[PDB]
Amino acid sequence: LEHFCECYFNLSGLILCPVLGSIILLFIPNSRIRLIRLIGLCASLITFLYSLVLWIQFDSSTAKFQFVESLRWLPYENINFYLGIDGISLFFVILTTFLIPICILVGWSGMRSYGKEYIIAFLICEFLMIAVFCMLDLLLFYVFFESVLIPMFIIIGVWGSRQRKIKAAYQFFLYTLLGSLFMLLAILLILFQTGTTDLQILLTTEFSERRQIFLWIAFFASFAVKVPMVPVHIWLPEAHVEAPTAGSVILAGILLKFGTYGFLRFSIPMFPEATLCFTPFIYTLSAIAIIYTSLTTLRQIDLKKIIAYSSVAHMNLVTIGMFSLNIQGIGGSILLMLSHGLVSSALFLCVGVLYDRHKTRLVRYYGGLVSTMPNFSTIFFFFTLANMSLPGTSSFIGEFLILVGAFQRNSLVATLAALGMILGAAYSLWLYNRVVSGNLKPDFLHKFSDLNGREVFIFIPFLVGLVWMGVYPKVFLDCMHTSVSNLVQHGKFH
Amino acid sequence: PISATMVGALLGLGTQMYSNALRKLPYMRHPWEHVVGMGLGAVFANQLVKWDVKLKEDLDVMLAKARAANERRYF
Amino acid sequence: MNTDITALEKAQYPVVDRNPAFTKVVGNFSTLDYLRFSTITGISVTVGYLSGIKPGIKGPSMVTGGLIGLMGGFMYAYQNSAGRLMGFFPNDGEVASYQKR
Amino acid sequence: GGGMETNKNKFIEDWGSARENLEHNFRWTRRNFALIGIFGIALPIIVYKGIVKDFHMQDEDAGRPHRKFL
Amino acid sequence: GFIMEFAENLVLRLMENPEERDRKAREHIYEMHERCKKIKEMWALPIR
Amino acid sequence: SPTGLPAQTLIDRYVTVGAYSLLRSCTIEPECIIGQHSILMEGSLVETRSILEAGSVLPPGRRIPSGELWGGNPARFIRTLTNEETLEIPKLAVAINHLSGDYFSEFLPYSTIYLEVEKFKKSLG
Amino acid sequence: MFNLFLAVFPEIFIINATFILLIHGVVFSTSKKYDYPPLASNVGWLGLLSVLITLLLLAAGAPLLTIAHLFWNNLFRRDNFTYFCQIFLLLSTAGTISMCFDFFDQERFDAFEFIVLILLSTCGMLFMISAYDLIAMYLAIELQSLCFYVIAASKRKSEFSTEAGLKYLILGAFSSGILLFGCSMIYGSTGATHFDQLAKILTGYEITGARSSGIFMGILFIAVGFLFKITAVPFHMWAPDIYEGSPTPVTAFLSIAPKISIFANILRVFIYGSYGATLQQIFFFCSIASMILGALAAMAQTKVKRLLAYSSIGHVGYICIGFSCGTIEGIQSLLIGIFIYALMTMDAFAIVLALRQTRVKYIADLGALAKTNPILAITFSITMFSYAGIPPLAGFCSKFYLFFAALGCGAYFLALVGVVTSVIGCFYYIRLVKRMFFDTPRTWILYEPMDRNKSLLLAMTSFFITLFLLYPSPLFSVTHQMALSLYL
Ligand SMILES: CCCCCCCCCCCCCCCCCC(=O)O[C@@H](COC(=O)CCCCCCCCCCCCCCC)COP(=O)(O)OCC[N+](C)(C)C
Ligand SMILES: CCCCCCCCCCCCCCCCCCCC(=O)O[C@H](COC(=O)CCCCCCCCCCCCCC)COP(=O)(O)OCCN
Ligand SMILES: CCCCCCCCCCCCCCCCCCCC(=O)O[C@H](COC(=O)CCCCCCCCCCCCCC)COP(=O)(O)OCCN
Ligand SMILES: CCCCCCCCCCCCCCCCCCCC(=O)O[C@H](COC(=O)CCCCCCCCCCCCCC)COP(=O)(O)OCCN
């Protein structure tokens with residue numbers, strides 16, 4: 001059945017944009033550095049504007065999928081694949097399209113040595129990740145998620161700073177592939193019942209409570225590695241620290257969101273009974289992760305290691321929210337996913353600004369930077385506040401909505417999750433004051449430069465987005481409520 | 001639109017360029033070879049499409065015979 | 001020696017001659033058969049010449065390639081002509097010539 | 001004198017690299033057994049039993065049987 | 001003329017027809033619930 | 001060579017040999033810059049990530065230690081290089097290769113001089 | 001009478017052309033006048049031509065190959081399955097030959113007899129595919145094997161090549177004797193060697209209590225010979241040593257064509273015959289053993305050739321899982337896995353042969369390849385990721401069917417083993433990518449650019465590997481067709 005959509009701007013062209021950029025860049029000599037830089041930047045910016053348009057034509061009243069279009073693999077038409085979005089996936093497409101040009105801009109100064117391979121890898125990542133977020137089929141979700149492993153592996157291994165990138169890349173690839181294989185096993189078990197992998201159909205089939213338990217575990221084994229949940233979180237610090245700055249931005253801001261997106265998109269609505277049965281288990285794992293990882297964060301001595309550990313606590317709060325299974329919980333989980341994608345990316349950008357000049361991640365070398373880099377200090381303080389969920393910032397909305405959702409289900413889990421307010425403040429303020437406050441240490445660092453124009457411009461949209469979601473989250477929540485409501489209700493008829 | 005001829009011509013041109021690159025030669029070292037490659041790729045792609053149609057046609061009859069042989073069991 | 005030409009898969013075109021004689025098959029060669037024959041032989045001679053230059057035997061290499069091409073091209077033309085007479089290949093010309101003589 | 005790069009201190013780098021390679025130091029000692037038994041098994045089990053009881057106490061407050069889990 | 005009235009009209013022209021979008025959605029399911037039987041018959045074909 | 005080591009001239013990777021330079025049976029380790037109008041004599045050795053100033057003279061069997069800037073006639077230690085400077089050396093080599101690409105693209109595989117030779121011959125019978 | 005031989009036109013042509021090339025080579029290689037020219041490349045080009053003409057004759061005469069089937073019945077059996085098997089075998093032989101010319105001229109391997117032996121082994125494998133009797137099968141297998149023994153020892157002054165040949169001949173002869181013993185037991189128990197007669201006798205009884213121990217052990221011994229041939233564990237250890245010690249073009253040829261021919265044989269013997277669950281269990285246990293041992297041993301390797309050998313052992317384990325589950329989809333998946341593994345192996349050995357011009361030996365010799373030849377490092381990386389089975393590369397098909405067969409048949413231990421071994425394989429495949437892209441060695445090896453033949457072959461196989469799953473319908477249809485034609 002051809003499900004071709006009426007809209008002019010659709011999903012397939014947004015898929016095709018970075019692909020065309022990559023093919024063009026394949027054939028341009030490395031001597032033409034300016035041309036390569038401009039072509040990559042412009043392709044990414046056009047993709048971002050295309051996604052913004054897709055946001056305008058979005059219809060915030062339906063529980064259905066939108067812009068649905070189809071994609072036909074065999075003339076037999078037994079296997080035909082669909083793309084479409086809703087109010088849970090729209091902003092993730094937008095976030096991906098927004099972050100990719102930021103990645104191209106962060107490496108602007110070093111592009112003469114980076115080459116076209118850097119831009120091509122990031123464009124391919126963009127294409128694959130947008131595809132992943134736009135897929136109405138378990139099997140293609142699988143295929144497009146595993147595909148990102150190759151360019152991410154290359155990005156970490158080639159442009160990482162030091163030789164620990166070897167181990168970091170190995171661990172990233174192997175952990176993620178193990179999880180992916182588990183979810184492939186789940187996909188095949190589903191296919192044996194249903195004869196299909198189309199998401200819309202699986203949302204309308206009934207699974208046995210028993211078959212649901214096994215399928216839920218097999219989904220959990222991928223998703224908990226992706227989130228990450230303890231104790232399969234240890235790949236994340238190594239990988240997110242050893243990666244280049246833009247690589248860390250993509251890893252934390254987008255790739256981490258894929259596990260929570262998988263929970264929201266397949267596990268909760270397809271197996272509601274198993275979702276109910278496992279809820280105490282998820283609550284326990286997430287609460288343990290928040291407390292233990294926050295306390296580990298407190299004792300880290302590397303800038304990137306502190307920012308990377310912080311992401312584990314934030315994502316497990318997201319899981320608590322989404323498994324609360326109400327409007328506050330799921331809405332807050334999605335809002336915190338987007339806000340984290342902005343805030344952690346900005347924090348990695350701040351650390352990258354420091355590392356590009358001074359080539360150290362050890363906190364002890366820095367100090368007193370407020371007197372030589374006041375602009376960087378102010379921006380760093382703002383994003384530090386955002387990482388503490390300060391009211392007025394975007395992260396507070398999601399954090400408090402998730403606590404609201406959890407409290408209505410289980411007051412103990414909400415109480416353990418609200419401890420994050422105390423621990424995250426502690427490590428965020430300690431980091432900021434050890435880096436920026438105090439006196440300079442001229443025996444380690446004596447030469448300084450505040451942000452140039454490119455760095456200031458890079459930070460501006462992050463600031464605008466954080467404040468915008470913090471003060472008026474209605475623009476986002478209005479487009480999401482129908483989808484969130486239908487997700488919450490799926491499986492029940494009262 | 002996107003015809004087999006165009007896909008095949010693009011693949012043949014890409015093949016010549018990829019071959020040149022692998023040999024550390026300029027992309028357009030022997031351009032008449034690029035023309036030859038576009039022609040061969042177009043021909044190959046069109047023949048693959050026709051072959052695919054013929055293959056489905058033969059598989060249909062063969063599955064029909066398999067089904068008849070299986071249905072003979074319940075007689 | 002007992003013989004049986006009967007094939008496993010039956011002919012899908014009218015059978016002009018079930019087991020045509022060798023000379024009948026050769027005399028049945030059409031223009032397309034000769035084109036196939038000549039093309040295969042010419043390509044083979046060309047390959048013989050080009051591959052023979054480096055060893056210095058381009059002439060004898062041409063002869064060897066030409067022998068291979070002659071045998072292969074004749075076998076291919078015979079295959080086509082016999083298959084047409086037997087009804088295994090489209091044989092409009094054979095049927096037309098048969099319905100008249 | 002020359003450069004924005006930090007002037008490395010050997011002891012600070014030794015401290016950092018020792019932090020990065022802690023897994024080579026793990027010995028299954030008595031203290032480590034106790035710490036993994038208490039914080040890696042017992043406390044998560046206690047938290048899980050707390051969360052479940054919370055739901056069961058809600059269940060009996062609503063005049064409903066205990067919800068089965070896991 | 002006015003910016004916003006033009007913008008109103010332009011945005012509505014961009015958007016899916018909600019009626020048609022919700023109707024192909026029904027054809028996919030009705031066709032897929034009753035179409036899910038054909039392929040599983042081939043997987044049960046005896047190899048011998 | 002006077003040092004007894006083998007006397008081939010080895011210019012390793014990412015090495016920039018400045019214009020008007022004279023090299024005889026010297027070794028240049030990877031990622032070095034030789035200044036313009038320099039002289040490197042028999043058996044001399046330039047260790048990796050080192051820079052010689054323009055007009056330097058390195059006598060037979062002399063060595064330029066790694067990570068250092070040298071210069072003079074004869075060459076003498078000037079200062080130790082920073083890590084940023086040593087990072088710049090392969091960049092200079094790559095940039096010069098990029099420039100050489102433009103010259104490489106001006107020449108087809110064959111010249112047309114043989115035609116001129118042909119007509120010059122024909123005008124002579 | 002003459003028209004009866006239309007069923008063997010392809011084979012007649014290739015044999016006659018091989019004789020012509022033998023005479024040409026021996027006459028002019030001994031010529032003082034021509035100063036004893038090397039003829040390996042000249043004969044190689046003429047033999048590539050001969051292979052392509054054979055392919056034309058076979059492909060264009062599809063119905064004619066079945067002519068006079070009653071007259072030829074006690075000698076061979078040609079059908080749809082043998083048709084496509086033989087086409088794929090000829091295509092593989094043509095590619096392998098095309099990859100040999102730089103080796104001929106730069107090493108100066110002047111022996112044209114190498115090409116003749118390859119062509120005669122191709123004749124043997126052609127007859128293997130159409131064999132329909134134990135006697136014919138054994139004879140064709142032996143012809144193929146003797147040709148390999150000779151070419152494995154072609155570097156006759158090399159310690160490695162002579163060692164390879166000696167190990168191959170001894171272990172090959174032993175396994176062939178075991179298989180022949182099995183054939184003798186089956187004949188003695190049934191009075192038959194033709195596959196049709198064996199099918200009629202053995203069907204409907206399998207092990208009905210009063211089982212012919214003669215029939216049961218004949219099957220077992222024949223299976224042991226077959227498993228030796230496909231390098232299945234525990235009959236595998238010849239393969240890594242022979243693969244490493246033989247000349248690299250020999251290693252490339254052995255890695256592909258014999259597998260095609262012997263799986264044709266295995267399908268038509270076992271699948272078409274009847275002892276049953278015992279033999280599928282044989283291939284089950286050997287598949288699991290091959291996957292585990294291939295993964296671990298490949299992880300141990302520091303040299304490229306040995307790594308590829310152990311990789312092929314693991315992949316034949318993956319393929320034999322399809323034979324084990326005994327369904328039309330199992331056979332189809334086995335065929336798809338052979339096709340895709342063959343094209344990936346051709347790609348990998350084209351790269352290896354290109355790098356052998358600078359004597360690549362160790363994985364570490366690939367260091368800085370992403371700098372000295374970026375497009376070559378990317379191409380080799382695509383091959384590795386395809387070997388690892390990362391989607392949407394072509395290699396993902398074998399992993400997908402491995403888990404598809406386990407989940408359905410109820411085999412959870414097989415799925416477990418597949419997950420573990422797939423992760424191990426991915427590690428040792430991406431180790432190569434790390435070596436080419438992430439490492440910064442002090443000494444680099446600069447490689448000479450490859451010839452046109454290998455660049456073109458690499459370019460086409462690299463597009464196939466990246467783009468196959470955009471248009472996989474022809475392979476899917478052709479392999480379903482073949483699986484069905486085994487019984488109808
Ligand atoms: C999304 C897939 C799943 C994930 C897998 C990803 C696998 C790749 C990993 C991604 C990370 C980054 C990869 C970087 C590669 C990009 C750089 C690159 O390959 O550039 C090549 C370009 O390589 C190629 O040649 C690619 C050719 C493939 C052709 C495919 C296109 C087919 C149709 C195009 C038609 C022709 C062009 C049309 C417009 C003119 C340049 O090669 P060099 O070795 O640097 O120099 C070549 C020599 N010379 C320039 C002088 C010619
Ligand atoms: C219609 C566009 C495409 C037509 C292509 C030609 C017609 C098709 C015939 C088959 C062509 C196949 C490709 C031929 C070249 C194959 C590779 C040969 C390269 C080689 O190594 O040998 C060279 C022989 O040159 C050669 O083999 C080439 C010899 C002369 C052919 C070039 C003329 C092509 C005409 C294109 C259009 C002309 C318009 C007017 C009709 C010697 O190389 P070298 O020493 O000579 O120099 C090379 C400077 N790197
Ligand atoms: C309700 C149970 C749920 C499942 C939990 C796991 C299974 C239960 C626990 C198994 C305990 C096995 C027996 C341990 C006690 C015997 C001690 C003997 C002496 C000893 O120290 O032996 C060590 C053996 O350690 C070992 O073999 C290590 C023991 C295994 C530890 C299991 C840890 C589980 C995961 C922890 C939590 C992770 C998630 C937290 C959020 C090696 O001594 P050595 O001499 O080599 O020492 C280095 C010296 N140079
Ligand atoms: C399916 C995925 C997508 C695929 C894309 C399909 C597109 C079609 C391909 C288009 C090709 C583009 C280039 C065409 C122009 C080049 C013409 C070749 C020139 C030529 O005569 O080459 C000779 C060598 O032969 C050669 O180099 C030819 C042999 C190359 C090997 C390939 C054929 C081998 C046999 C079949 C293999 C099948 C394997 C599969 C199992 C002489 O070259 P030179 O003059 O430079 O001198 C080399 C030094 N001796």
# chains A, B, ... in the order shown; residues from 1 in each chain; ligands from 1
call {"tool": "residues_near_ligand", "arguments": {"ligand": "ligand 2", "cutoff": "8 Å", "atoms": "only C-alpha atoms and all ligand atoms", "output": "VMD selection string"}}
result
(chain B and resid 29 to 36) or (chain F and resid 108 to 110)
call {"tool": "interface_residues", "arguments": {"of": "chain B", "to": "chain E", "cutoff": "12 Å", "atoms": "only C-alpha atoms", "output": "list in words"}}
result
residues 63, 64, 65, 66, 67, 68, 69, 70, 71 and 73 of chain B
call {"tool": "interface_residues", "arguments": {"of": "chain D", "to": "chain A", "cutoff": "12 Å", "atoms": "only C-alpha atoms", "output": "PyMOL selection string"}}
result
chain D and resi 1-21+23+39-59+67-70
call {"tool": "interface_residues", "arguments": {"of": "chain G", "to": "chain C", "cutoff": "9 Å", "atoms": "only C-alpha atoms", "output": "VMD selection string"}}
result
chain G and resid 1 to 4 6 9 13 16 to 17 20 to 21 24 28 34 36 to 39 41 to 46 49 to 50 53 to 54 56 to 57 60 to 61 63 to 71 79
call {"tool": "closest_residue", "arguments": {"among": "F:34, F:81, F:11, F:41", "to": "chain D", "atoms": "only C-alpha atoms"}}
result
F:81
call {"tool": "residues_near_ligand", "arguments": {"ligand": "ligand 1", "cutoff": "7 Å", "atoms": "only C-alpha atoms and all ligand atoms", "output": "ChimeraX atom specification"}}
result
/A:23-24,26-27,29,116-118,120-121,124,128,147-148,150-151,154 /B:10-11,13-15,17-18,20-22,24-27 /G:373-376,378,382,392
call {"tool": "write_last_selection", "arguments": {"atoms": "N, CA, C and O atoms", "output": "short mmCIF file (atom, residue, chain, number, x, y, z; two decimals), in the first residue's frame"}}
result
data_model
loop_
_atom_site.label_atom_id
_atom_site.label_comp_id
_atom_site.auth_asym_id
_atom_site.auth_seq_id
_atom_site.Cartn_x
_atom_site.Cartn_y
_atom_site.Cartn_z
N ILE A 23 28.04 12.65 -0.73
CA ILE A 23 28.48 12.24 -2.06
C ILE A 23 29.27 13.36 -2.73
O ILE A 23 30.31 13.11 -3.36
N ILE A 24 28.79 14.60 -2.63
CA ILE A 24 29.51 15.71 -3.26
C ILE A 24 30.90 15.84 -2.65
O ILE A 24 31.90 15.98 -3.37
N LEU A 26 32.71 13.62 -1.37
CA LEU A 26 33.58 12.51 -1.73
C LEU A 26 34.58 12.89 -2.82
O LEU A 26 35.70 12.36 -2.84
N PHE A 27 34.21 13.80 -3.71
CA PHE A 27 34.95 14.00 -4.95
C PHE A 27 35.73 15.31 -5.01
O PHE A 27 36.32 15.62 -6.05
N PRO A 29 38.85 17.75 -3.95
CA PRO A 29 40.21 17.55 -3.43
C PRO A 29 40.39 18.17 -2.05
O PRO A 29 39.79 19.19 -1.72
N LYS A 116 38.07 16.33 4.77
CA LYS A 116 36.66 16.11 4.45
C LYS A 116 36.10 14.87 5.14
O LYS A 116 34.88 14.74 5.23
N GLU A 117 36.97 13.98 5.62
CA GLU A 117 36.50 12.76 6.27
C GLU A 117 35.73 13.08 7.55
O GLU A 117 34.75 12.41 7.87
N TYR A 118 36.17 14.10 8.28
CA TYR A 118 35.48 14.54 9.49
C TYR A 118 34.04 14.96 9.19
O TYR A 118 33.08 14.45 9.79
N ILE A 120 32.30 14.35 6.47
CA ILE A 120 31.54 13.25 5.87
C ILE A 120 31.04 12.29 6.95
O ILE A 120 29.90 11.83 6.90
N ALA A 121 31.90 11.97 7.92
CA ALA A 121 31.48 11.11 9.02
C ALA A 121 30.32 11.72 9.78
O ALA A 121 29.34 11.03 10.10
N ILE A 124 27.10 11.56 7.65
CA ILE A 124 26.57 10.20 7.62
C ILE A 124 25.89 9.86 8.94
O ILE A 124 24.81 9.25 8.96
N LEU A 128 21.93 8.77 9.38
CA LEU A 128 21.54 7.54 10.06
C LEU A 128 20.67 7.82 11.28
O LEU A 128 19.69 7.11 11.53
N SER A 147 24.07 0.86 12.33
CA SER A 147 24.89 1.51 11.31
C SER A 147 25.67 2.68 11.87
O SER A 147 26.79 2.95 11.42
N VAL A 148 25.13 3.40 12.87
CA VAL A 148 25.84 4.55 13.42
C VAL A 148 27.12 4.13 14.13
O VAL A 148 28.01 4.97 14.34
N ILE A 150 29.60 2.39 13.05
CA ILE A 150 30.77 2.49 12.18
C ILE A 150 31.31 3.92 12.17
O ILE A 150 32.49 4.12 12.52
N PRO A 151 30.53 4.94 11.78
CA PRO A 151 31.08 6.30 11.83
C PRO A 151 31.42 6.76 13.23
O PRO A 151 32.40 7.51 13.38
N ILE A 154 34.82 5.35 14.00
CA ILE A 154 35.84 6.10 13.28
C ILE A 154 36.09 7.45 13.94
O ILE A 154 37.24 7.87 14.12
N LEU B 10 25.15 5.93 -13.48
CA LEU B 10 25.83 6.51 -12.33
C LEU B 10 26.76 5.50 -11.68
O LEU B 10 27.88 5.84 -11.29
N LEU B 11 26.32 4.25 -11.55
CA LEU B 11 27.16 3.21 -10.96
C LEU B 11 28.38 2.92 -11.82
O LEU B 11 29.47 2.70 -11.29
N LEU B 13 29.90 5.07 -13.96
CA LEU B 13 30.80 6.21 -13.79
C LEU B 13 31.51 6.15 -12.45
O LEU B 13 32.72 6.38 -12.36
N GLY B 14 30.77 5.79 -11.42
CA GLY B 14 31.36 5.70 -10.10
C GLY B 14 32.41 4.61 -10.07
O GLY B 14 33.41 4.84 -9.46
N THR B 15 32.17 3.53 -10.80
CA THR B 15 33.09 2.38 -10.83
C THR B 15 34.44 2.81 -11.43
O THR B 15 35.40 2.57 -10.79
N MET B 17 35.74 5.89 -11.68
CA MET B 17 36.37 6.85 -10.73
C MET B 17 36.97 6.13 -9.51
O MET B 17 38.08 6.43 -9.21
N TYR B 18 36.23 5.24 -8.88
CA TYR B 18 36.67 4.42 -7.75
C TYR B 18 37.92 3.61 -8.19
O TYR B 18 38.88 3.59 -7.48
N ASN B 20 40.09 4.34 -10.66
CA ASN B 20 41.17 5.37 -10.77
C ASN B 20 41.72 5.75 -9.39
O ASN B 20 42.93 5.74 -9.23
N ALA B 21 40.84 6.03 -8.47
CA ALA B 21 41.23 6.43 -7.11
C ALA B 21 42.03 5.32 -6.41
O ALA B 21 43.01 5.65 -5.83
N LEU B 22 41.54 4.10 -6.51
CA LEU B 22 42.26 2.96 -5.92
C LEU B 22 43.67 2.86 -6.45
O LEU B 22 44.49 2.46 -5.72
N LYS B 24 45.45 5.39 -7.26
CA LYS B 24 46.08 6.67 -6.96
C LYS B 24 46.25 7.54 -8.20
O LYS B 24 47.20 8.32 -8.30
N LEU B 25 45.34 7.41 -9.14
CA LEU B 25 45.29 8.21 -10.35
C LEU B 25 44.23 9.30 -10.23
O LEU B 25 43.33 9.21 -9.40
N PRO B 26 44.33 10.35 -11.04
CA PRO B 26 43.26 11.36 -11.05
C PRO B 26 41.93 10.74 -11.43
O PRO B 26 41.87 9.78 -12.20
N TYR B 27 40.85 11.30 -10.87
CA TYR B 27 39.51 10.75 -11.08
C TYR B 27 39.20 10.57 -12.56
O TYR B 27 38.61 9.56 -12.95
N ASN G 373 47.03 5.58 1.72
CA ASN G 373 46.06 5.28 0.67
C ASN G 373 44.66 5.32 1.27
O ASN G 373 44.10 4.28 1.64
N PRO G 374 44.06 6.51 1.40
CA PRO G 374 42.78 6.63 2.13
C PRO G 374 41.65 5.78 1.55
O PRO G 374 40.94 5.11 2.31
N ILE G 375 41.43 5.82 0.26
CA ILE G 375 40.32 5.06 -0.38
C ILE G 375 40.56 3.54 -0.24
O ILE G 375 39.61 2.82 -0.07
N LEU G 376 41.81 3.11 -0.29
CA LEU G 376 42.06 1.67 -0.03
C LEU G 376 41.72 1.28 1.43
O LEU G 376 41.13 0.24 1.62
N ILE G 378 39.51 2.68 3.48
CA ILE G 378 38.02 2.68 3.54
C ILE G 378 37.42 1.40 2.92
O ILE G 378 36.64 0.78 3.56
N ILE G 382 35.25 -1.43 4.86
CA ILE G 382 33.89 -1.88 4.44
C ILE G 382 33.88 -3.42 4.41
O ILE G 382 33.04 -3.98 5.06
N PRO G 392 23.94 -1.84 7.24
CA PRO G 392 23.22 -2.62 6.25
C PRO G 392 24.14 -3.22 5.17
O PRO G 392 23.72 -3.37 4.05
#
call {"tool": "atom_distance", "arguments": {"atom1": "atom CA of residue 390 of chain G", "atom2": "atom CA of residue 177 of chain A"}}
result
8.9 Å
call {"tool": "interface_residues", "arguments": {"of": "chain A", "to": "chain E", "cutoff": "10 Å", "atoms": "only C-alpha atoms", "output": "NGL selection string"}}
result
:A and (1-9 or 53-54 or 56-59 or 61-68 or 78 or 192-196 or 198 or 200-201 or 204-205)
call {"tool": "residues_around", "arguments": {"residues": "residue 94 of chain F", "least_positions_apart": "5", "cutoff": "9 Å", "atoms": "only C-alpha atoms", "output": "PDB file with N, CA and C atoms, in the first residue's frame"}}
result
ATOM      1  N   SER A 113      43.503  20.125   8.964  1.00  0.00           N
ATOM      2  CA  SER A 113      44.025  18.805   9.284  1.00  0.00           C
ATOM      3  C   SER A 113      42.934  17.758   9.451  1.00  0.00           C
TER       4      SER A 113
ATOM      5  N   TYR F  14      57.003  13.668   5.833  1.00  0.00           N
ATOM      6  CA  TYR F  14      56.622  14.980   6.362  1.00  0.00           C
ATOM      7  C   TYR F  14      57.840  15.873   6.595  1.00  0.00           C
ATOM      8  N   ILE F  89      54.721  21.210  11.910  1.00  0.00           N
ATOM      9  CA  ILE F  89      55.611  20.736  10.840  1.00  0.00           C
ATOM     10  C   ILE F  89      54.895  19.852   9.817  1.00  0.00           C
ATOM     11  N   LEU F  99      49.784  22.432  -2.595  1.00  0.00           N
ATOM     12  CA  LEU F  99      50.222  23.329  -3.661  1.00  0.00           C
ATOM     13  C   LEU F  99      50.752  22.549  -4.861  1.00  0.00           C
TER      14      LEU F  99
END
call {"tool": "residues_near_ligand", "arguments": {"ligand": "ligand 4", "cutoff": "6 Å", "atoms": "only C-alpha atoms and all ligand atoms", "output": "ChimeraX atom specification"}}
result
/B:11-12,15-16,33,36-37,40-41 /G:91-92,94-95,98,343,452-453,456-457,460,463-464
call {"tool": "residues_around", "arguments": {"residues": "segment 414-431 of chain G", "least_positions_apart": "4", "cutoff": "6 Å", "atoms": "only C-alpha atoms", "output": "list in words"}}
result
residues 295, 299, 384, 388, 403 and 406 of chain G
call {"tool": "residues_around", "arguments": {"residues": "residue 286 of chain A", "least_positions_apart": "4", "cutoff": "7 Å", "atoms": "only C-alpha atoms", "output": "VMD selection string"}}
result
chain A and resid 229 282 290 316 to 317 319 to 320
call {"tool": "write_last_selection", "arguments": {"atoms": "N, CA and C atoms", "output": "PDB file, in the first residue's frame"}}
result
ATOM      1  N   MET A 229      21.905   2.099  31.920  1.00  0.00           N
ATOM      2  CA  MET A 229      21.552   1.745  33.284  1.00  0.00           C
ATOM      3  C   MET A 229      22.678   0.925  33.898  1.00  0.00           C
ATOM      4  N   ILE A 282      12.720  -1.430  37.341  1.00  0.00           N
ATOM      5  CA  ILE A 282      13.238  -0.225  36.699  1.00  0.00           C
ATOM      6  C   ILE A 282      13.444   0.879  37.726  1.00  0.00           C
ATOM      7  N   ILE A 290      21.124   6.817  40.067  1.00  0.00           N
ATOM      8  CA  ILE A 290      21.174   8.239  40.390  1.00  0.00           C
ATOM      9  C   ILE A 290      22.078   8.468  41.593  1.00  0.00           C
ATOM     10  N   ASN A 316      18.898   8.220  33.976  1.00  0.00           N
ATOM     11  CA  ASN A 316      18.126   7.320  34.825  1.00  0.00           C
ATOM     12  C   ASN A 316      16.935   8.029  35.469  1.00  0.00           C
ATOM     13  N   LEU A 317      17.057   9.335  35.729  1.00  0.00           N
ATOM     14  CA  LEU A 317      15.869  10.106  36.078  1.00  0.00           C
ATOM     15  C   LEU A 317      14.847  10.070  34.945  1.00  0.00           C
ATOM     16  N   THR A 319      14.393   7.658  32.867  1.00  0.00           N
ATOM     17  CA  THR A 319      13.739   6.348  32.873  1.00  0.00           C
ATOM     18  C   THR A 319      12.674   6.261  33.961  1.00  0.00           C
ATOM     19  N   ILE A 320      12.964   6.800  35.147  1.00  0.00           N
ATOM     20  CA  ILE A 320      11.943   6.847  36.195  1.00  0.00           C
ATOM     21  C   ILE A 320      10.700   7.569  35.685  1.00  0.00           C
TER      22      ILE A 320
END
call {"tool": "atom_distance", "arguments": {"atom1": "atom CA of residue 319 of chain G", "atom2": "atom CA of residue 389 of chain G"}}
result
13.5 Å
call {"tool": "interface_residues", "arguments": {"of": "chain A", "to": "chain G", "cutoff": "7 Å", "atoms": "only C-alpha atoms", "output": "PyMOL selection string"}}
result
chain A and resi 74+143+146-147+157-158+174+178+181+185+188-189
